[PDB]
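J.: Quick one: the structure is below, and I'll ask about it shortly.
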Amino acid sequence: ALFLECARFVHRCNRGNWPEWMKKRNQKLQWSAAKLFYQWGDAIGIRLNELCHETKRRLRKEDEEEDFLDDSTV
Amino acid sequence: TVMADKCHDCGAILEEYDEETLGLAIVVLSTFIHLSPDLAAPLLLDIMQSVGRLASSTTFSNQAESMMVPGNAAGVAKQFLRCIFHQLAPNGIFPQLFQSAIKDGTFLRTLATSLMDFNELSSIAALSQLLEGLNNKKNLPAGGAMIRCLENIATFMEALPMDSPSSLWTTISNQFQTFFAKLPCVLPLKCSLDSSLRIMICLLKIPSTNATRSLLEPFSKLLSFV
Amino acid sequence: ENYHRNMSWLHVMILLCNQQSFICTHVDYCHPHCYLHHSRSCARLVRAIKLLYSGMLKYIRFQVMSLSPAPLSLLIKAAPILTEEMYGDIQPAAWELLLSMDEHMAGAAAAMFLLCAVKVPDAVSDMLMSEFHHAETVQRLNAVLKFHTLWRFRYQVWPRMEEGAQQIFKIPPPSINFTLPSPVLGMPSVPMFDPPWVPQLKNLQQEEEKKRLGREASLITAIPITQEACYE
Amino acid sequence: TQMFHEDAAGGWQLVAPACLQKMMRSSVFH
Ligand SMILES: [Zn+2]
């Protein structure tokens with residue numbers, strides 16, 4: 001949910017739906033927002049890169065009840 | 001068994017189909033209704049709601065640009081709705097539809113939108129035909145059914161371009177005057193009927209400077225009854 | 001400066017969407033990194049997020065719609081800046097993902113593979129020839145089915161690409177050399193008799209008989225049924 | 001001519017001297 005909130009915020013900033021208070025100073029705010037979005041992208045990318053780098057019965061059991069609202073199964 | 005996805009609430013297998021199959025199903029239903037309306041009459045309401053569901057959705061997030069993809073199951077669904085309601089309009093499909101209870105709460109909006117640009121039977125013209133069918137009927141729907149009819153009419157109003165000038169407001173106004181002349185002798189006594197107020201509010205937004213002027217008096221009498 | 005041209009997370013995205021186990025029978029269990037298992041997990045997470053919750057629901061249902069195509073749909077958004085090595089690396093993943101039950105995943109994979117074929121025609125051609133002449137019956141059948149999916153999503157590449165593309169990322173138009181005869185020689189197509197999608201007692205009976213004969217004489221399998229039944 | 005009608009079950013449907021009838025309709029009578 002944190003990730004998706006950030007995603008929708010970046011999307012709204014892309015559409016021009018910048019925060020109401022923002023809508024010369026605004027140009028600097030947009031430039032810094034783009035730089036910080038790239039900072040997010042770089043950090044998440046170098047984290048995902050680090051992360052990337054009878055048994056059948058329990059496998060099916062785990063796969064068939066991956067209810068995300070029910071933690072300890074995810 | 002094949003490892004598939006289930007709905008945790010009901011246990012049913014989740015199913016997804018491509019536009020080439022959904023469009024084929026829509027066209028199959030369209031042909032069935034077209035060549036045999038009497039057989040399709042019992043199933044008509046469910047078919048309309050099921051296809052309006054597809055019409056409502058958007059294939060792409062690009063709602064700004066018209067969905068001009070050749071497949072475009074939404075466009076196929078719109079064509080289905082347009083053809084069905086153009087064909088069955090002489091058969092009184094509109095009073096029958098608006099009297100019946102509609103499970104899909106968005107079907108009236110999708111019908112209004114998909115018929116909005118229609119030139120043969122516009123959504124405004126569809127409303128006028130619904131009013132004419134209700135008015136010409138020998139007996140208006142009973143007190144129980146008239147409440148559902150008013151609610152459906154109001155919901156259809158909410159999705160209509162009530163600000164759009166057209167050569168029908170001087171006609172819809174008279175149709176609604178004659179249709180409101182009968183309500184006090186039809187509606188039940190102690191049942192909430194805010195749908196009539198919603199209809200009046202929608203009517204008072206038409207760009208005509210004279211249609212509402214004449215419509216105001218049956219409005220006053222119906223409001224006195226309410 | 002120049003953030004829009006050198007995005008550091010392009011290759012990790014390829015690595016992410018290329019590290020699934022596409023060889024899984026999906027019978028009585030799935031591999032831990034099976035791609036269908038991943039798609040089901042993402043769909044369950046999307047349902048959980050939906051059940052968590054205004055405009056957020058609009059974003060979820062209009063721009064998420066699933067989580068599995070997030071890598072591919074990212075790379076499609078960065079197609080002008082992808083290098084040829086990136087195209088070669090993303091080609092097998094987009095090829096394998098073409099037969100997804102999820103329509104969004106299939107569409108994104110088709111768009112990505114069409115972009116690859118636009119950019120690296122030699123590798124795409126070699127892969128296509130290897131799949132079509134493959135020694136396994138299932139492989140050739142899947143190659144034809146994947147070709148059909150590409151054919152379907154042929155029209156859904158530019159919308160997925162970029163809001164300002166087709167000015168950049170030039171695609172060579174079909175170079176037609178000759179010209180057709182100035183008037184078309186034959187009829188472009190035979191109209192279908194009494195189309196269900198076109199809105200319109202001896203006389204009534206004979207008209208019904210005429211319509212029935214015309215419908216029986218007109219072939220419906222020989223027309224694009226969904227293309228002609230869509231409004232404009 | 002055929003008109004929609006809500007049936008007894010509540011569902012939609014499409015609904016629109018016998019020898020003396022023959023005698024009158026017979027052209028021999030005319
Ligand atoms: Zn599997």
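Nothing in this text is a laboratory measurement; each read-out follows from the coordinates by a stated rule. Virtual Cβ from ideal backbone geometry, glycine too; neighbours counted across all protein chains shown.
J.: Take the residues in the stretch C:67-80 that are more than 10 Å from every other protein chain (Cβ to nearest Cβ) and of a type in the set (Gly, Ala, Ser); name whichever of them is nearest to the ligand (Cβ to nearest atom).
T.: Only one residue tops the list, namely C:68.
J.: Within 16 Å of the ligand (Cβ to nearest atom), hydrophobic (A, V, I, L, M, F, W, C) and either assigned to a helix (DSSP H, G or I) or within 18 Å of residue A:11 (Cα to Cα) (or both): does that describe residue C:48?
T.: Values: within 16 Å of the ligand (Cβ to nearest atom): no; hydrophobic (A, V, I, L, M, F, W, C): yes; either assigned to a helix (DSSP H, G or I) or within 18 Å of residue A:11 (Cα to Cα) (or both): yes.
So residue C:48 does not fit the description; no.
J.: Next question. Among the numbered criteria (1) under 20 Å from the mean Cα position of the chain (by Cα); (2) more than 16 Å from the ligand (Cβ to nearest atom); (3) among the aromatic types (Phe, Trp, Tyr), which single criterion is violated by residue C:35?
T.: Looking at each condition in turn, residue C:35 falls short on (2).
J.: Okay, moving on. Look at residue C:57 and say whether it is away from the ligand (no atom under 14 Å from the Cβ), out of contact with any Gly (no Cβ under 8 Å at 6 or more places or on another chain), hydrophobic (A, V, I, L, M, F, W, C) and within 27 Å of residue C:138 (Cα to Cα).
T.: Values: away from the ligand (no atom under 14 Å from the Cβ): yes; out of contact with any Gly (no Cβ under 8 Å at 6 or more places or on another chain): yes; hydrophobic (A, V, I, L, M, F, W, C): yes; within 27 Å of residue C:138 (Cα to Cα): no.
The answer is no for residue C:57.
J.: For residue B:131, state whether it is touching a strand residue (DSSP E or B) at 6+ places or on another chain (Cβ under 9 Å) and surrounded by fewer than 23 Cβ atoms within 10 Å (Cβ to Cβ). Let's see the steps before the verdict.
T.: Details: touching a strand residue (DSSP E or B) at 6+ places or on another chain (Cβ under 9 Å): no; surrounded by fewer than 23 Cβ atoms within 10 Å (Cβ to Cβ): yes.
The answer is no for residue B:131.
J.: What tally of residues in the stretch B:114-128 results from selecting those that are surrounded by 20 or more Cβ atoms within 10 Å (Cβ to Cβ) and assigned to a helix (DSSP H, G or I)?
T.: Summing the residues that are surrounded by 20 or more Cβ atoms within 10 Å (Cβ to Cβ) and assigned to a helix (DSSP H, G or I) in the stretch B:114-128 gives 6.
J.: Against the condition more than 10 Å from chain C (Cβ to nearest Cβ), charged (D, E, K, R), surrounded by fewer than 18 Cβ atoms within 10 Å (Cβ to Cβ) and out of contact with any strand residue (DSSP E or B) (no Cβ under 8 Å at 6 or more places or on another chain), how does residue B:38 come out, does it pass?
T.: Considered against the rule, which asks whether it is more than 10 Å from chain C (Cβ to nearest Cβ), charged (D, E, K, R), surrounded by fewer than 18 Cβ atoms within 10 Å (Cβ to Cβ) and out of contact with any strand residue (DSSP E or B) (no Cβ under 8 Å at 6 or more places or on another chain), residue B:38 comes out as no.
J.: Consider only pairs whose beta carbons are under 7 Å apart and that are at least six residues apart or on different chains; among these, list those whose first residue lies in the stretch C:23-51 and is more than 7 Å from chain A (Cβ to nearest Cβ) and whose second residue is aromatic (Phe, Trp, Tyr) and near the ligand (Cβ under 9 Å from one of its atoms).
T.: These pairs meet every condition: C:35/C:22.
J.: A further question on this structure: If we scan the stretch C:19-32, do we find a residue that is aromatic (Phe, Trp, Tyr), buried (at least 20 other Cβ atoms within 10 Å of the Cβ) and either in a loop (DSSP other than H, G, I, E, B) or within 9 Å of the ligand (Cβ to nearest atom) (or both)?
T.: yes
J.: Within the group C:109, C:48, C:93, which residue is surrounded by 18 or more Cβ atoms within 10 Å (Cβ to Cβ), in contact with a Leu (Cβ under 6 Å, 6 or more places away or on another chain) and among the aliphatic types (A, V, I, L, M)? First the steps, then the outcome.
T.: Numbers: C:48 fails: surrounded by 18 or more Cβ atoms within 10 Å (Cβ to Cβ); C:93 fails: in contact with a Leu (Cβ under 6 Å, 6 or more places away or on another chain).
Going through C:109, C:48, C:93 in turn, just one is surrounded by 18 or more Cβ atoms within 10 Å (Cβ to Cβ), in contact with a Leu (Cβ under 6 Å, 6 or more places away or on another chain) and among the aliphatic types (A, V, I, L, M): C:109.
J.: For the stretch C:97-105, state whether one or more residues are outside any helix (DSSP H, G or I) and either more than 16 Å from the ligand (Cβ to nearest atom) or over 21 Å from residue A:68 (Cα atoms) (or both).
T.: yes
Yes or no, residue by residue, for (1) more than 9 Å from chain C (Cβ to nearest Cβ); (2) in a loop (DSSP other than H, G, I, E, B):
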| position | (1), (2) |
| --- | --- |
| B:11 | yes, yes |
| B:20 | no, no |
| B:24 | no, no |
| B:50 | yes, no |
| B:61 | no, yes |
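J.: Considering each residue of the stretch C:96-124, count those that are over 25 Å from residue C:163 (Cα atoms) and in contact with a helix residue (DSSP H, G or I) (Cβ under 8 Å, 6 or more places away or on another chain), and give that number.
T.: Qualifying residue count, the stretch C:96-124: 6.
J.: With the requirement that a residue be part of a loop (DSSP other than H, G, I, E, B) and closer than 19 Å to residue B:61 by Cβ, what does the stretch C:142-167 give you?
T.: Across the stretch C:142-167, the qualifying residues are C:156, C:157, C:162, C:163, C:164, C:165, C:166.
J.: Here is a further query. For the stretch C:185-232, which residues satisfy the criterion of being over 28 Å from the mean Cα position of the chain (by Cα), within 14 Å of chain B (Cβ to nearest Cβ) and exposed (fewer than 10 other Cβ atoms within 10 Å of the Cβ)?
T.: Once the filter is applied, which keeps residues that are over 28 Å from the mean Cα position of the chain (by Cα), within 14 Å of chain B (Cβ to nearest Cβ) and exposed (fewer than 10 other Cβ atoms within 10 Å of the Cβ), the stretch C:185-232 yields C:200, C:216.
J.: Say whether the condition of being among the hydroxyl-bearing types (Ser, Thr, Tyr) and part of a helix (DSSP H, G or I) is met by at least one residue in the stretch C:211-231.
T.: Within the stretch C:211-231, one or more residues are among the hydroxyl-bearing types (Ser, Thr, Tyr) and part of a helix (DSSP H, G or I).
J.: May I pose another question? Count, please, the residues in the stretch B:1-35 that happen to be surrounded by fewer than 12 Cβ atoms within 10 Å (Cβ to Cβ) and more than 30 Å from residue B:69 (Cα to Cα).
T.: Adding up the residues that qualify gives 7.
J.: Next up: Can you confirm whether the stretch C:8-16 contains a residue that is more than 16 Å from the ligand (Cβ to nearest atom), closer than 30 Å to residue C:167 by Cβ and among the small types (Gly, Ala, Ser)?
T.: Filtering the stretch C:8-16 for residues more than 16 Å from the ligand (Cβ to nearest atom) gives C:8-16.
Checking the rest, the ones that are also closer than 30 Å to residue C:167 by Cβ come to C:8-14, C:16.
From the residues that got through so far, the ones that are among the small types (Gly, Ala, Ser) too are C:8.
Yes, that holds for at least one residue.
J.: Go through (1) closer than 28 Å to residue C:84 by Cα; (2) of a type in the set (A, V, I, L, M); (3) within 16 Å of the ligand (Cβ to nearest atom) for residue C:43 and report which single condition fails.
T.: (1)
J.: Do any residues in the stretch B:1-28 that are closer than 20 Å to residue C:220 by Cβ have Cβ atoms under 6 Å from those of residues that are more than 16 Å from the ligand (Cβ to nearest atom) and assigned to a loop (DSSP other than H, G, I, E, B), where the two are at least six apart or on different chains, and which pairs are they?
T.: Within 6 Å, the pairs are B:19/B:71; B:27/C:229.
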